[PDB]
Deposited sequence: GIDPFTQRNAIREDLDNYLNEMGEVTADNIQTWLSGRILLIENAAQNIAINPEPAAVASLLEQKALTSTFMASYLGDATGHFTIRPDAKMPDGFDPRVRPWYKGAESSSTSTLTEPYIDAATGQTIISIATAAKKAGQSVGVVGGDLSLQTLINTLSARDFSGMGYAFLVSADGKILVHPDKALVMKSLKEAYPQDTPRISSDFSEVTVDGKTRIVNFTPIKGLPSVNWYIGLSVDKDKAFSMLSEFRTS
């Protein structure tokens, strides 16, 4: 009866991880392809034309290029805060310091003011960088992608440092597992974890998401032990 729940949780973990891996992978390729295309010709009119294309605008809230001079182009265009400097933003710093594409942790979007993640990569022509390209995805979008799937629990997204990145309870976003579950804290190091929450015991496991550049993230599954 309990060796069945365990097997079910492990398999649901693998399926959920694989699904979000394949969902992220096509988006990573769109941003990489934009960075490649920008590297062919980084003139601003040419950059603008690339970012305005439907495949990008229909997939991301926005995509943009920032460079080492502080120049910024974003499509769809948006009035940025006074003094905006892309060089000090988390998407930029993460990608500038990496030989591959990157994904950010959730952060506060400068354009909309809402919490987002970004896919970002350095655009390199002949080994020389011409800036960093990024694309934005809303927290709500990630929340929806994780909940498209289990009738007895929910999936969440947690980094390998134990920081909850995406969770249906928005108050737990960007809390550590310990801050979110101070008693009986679920441990990524263990197969299963039991925690009492809002009056019911739950079982939690973690599955690694394969094939994501730069990041080591997990799917968490949390299930009501009784049902």
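*Asks:* How would you write out the unmodelled ranges of the deposited sequence, numbered from 1?
*Replies:* Sequence ranges with no C-alpha atoms are 1-10, 160-161, 240-250.
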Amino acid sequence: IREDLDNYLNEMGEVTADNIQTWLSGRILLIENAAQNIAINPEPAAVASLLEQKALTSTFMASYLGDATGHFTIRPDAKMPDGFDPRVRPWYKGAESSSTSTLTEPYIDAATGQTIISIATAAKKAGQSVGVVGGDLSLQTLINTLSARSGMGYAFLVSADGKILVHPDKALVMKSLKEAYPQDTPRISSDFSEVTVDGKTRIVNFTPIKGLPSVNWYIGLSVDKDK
From here on, numbers count along this sequence of modelled residues.
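Just so we're on the same page, rigid core means the largest C-alpha set that superposes within 1.5 Å between forms.
*Asks:* State which stretch is farther from the displayed form on average in 6 other deposited structures of this protein, 135-143 or 151-159, counting RMS CA distance after fitting on the rigid core.
*Replies:* If we average over structures and residues in 6 other deposited structures of this protein, the farther stretch is 151-159.
*Asks:* Which of 184-192 and 36-44 lies farther, on average, from the shown form in 6 other deposited structures of this protein once the rigid core is superposed (C-alpha RMS)?
*Replies:* The stretch that sits farther from the shown form in 6 other deposited structures of this protein is 184-192.
*Asks:* Do at least a third of the other entries of this protein fail to model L50?
*Replies:* No, modelled in all of them.
*Asks:* Among other entries of this protein with both neighbours modelled, does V197 go without coordinates in a third or more of them?
*Replies:* Other entries vs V197: at least a third skip it.
*Asks:* Select between 90-98 and 131-139 the stretch whose C-alpha atoms have the higher average B-factor in the entry.
*Replies:* The stretch with the larger average C-alpha B-factor is 90-98.
*Asks:* Using only the Cα atoms and their B-factors as the entry lists them, report which of 167-175 and 195-203 averages higher.
*Replies:* Per the deposited B-factors, the answer is 195-203.
*Asks:* Which one of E32, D67, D161, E43 shows the biggest C-alpha B-factor in the PDB entry?
*Replies:* Most elevated C-alpha B-factor of the set, per the entry: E43.
*Asks:* Per the coordinate record, which of the options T112, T73, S118, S150 holds the highest CA temperature factor?
*Replies:* Top of the list by C-alpha B-factor: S150.
*Asks:* Using the temperature factors of the C-alpha atoms in this entry, rank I108 within its chain: lowest, middle or highest third.
*Replies:* CA B-factor rank for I108: lowest third.
*Asks:* Check where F84 lands among this chain's C-alpha B-factors and tell me if it's the lowest, middle or highest third.
*Replies:* It belongs to the lowest third of the chain when residues are ordered by C-alpha B-factor.
*Asks:* Taking the chain's C-alpha temperature factors as the reference, tell me which third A122 falls into: lowest, middle or highest.
*Replies:* Tercile = lowest for this residue's CA B-factor.
*Asks:* Using the temperature factors of the C-alpha atoms in this entry, rank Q21 within its chain: lowest, middle or highest third.
*Replies:* It belongs to the lowest third of the chain when residues are ordered by C-alpha B-factor.
*Asks:* Comparing against every modelled residue in the chain, figure out the third that the C-alpha B-factor of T59 lands in (lowest, middle or highest).
*Replies:* For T59, whose C-alpha B-factor we compare with every modelled residue in the chain, the answer is the lowest third.
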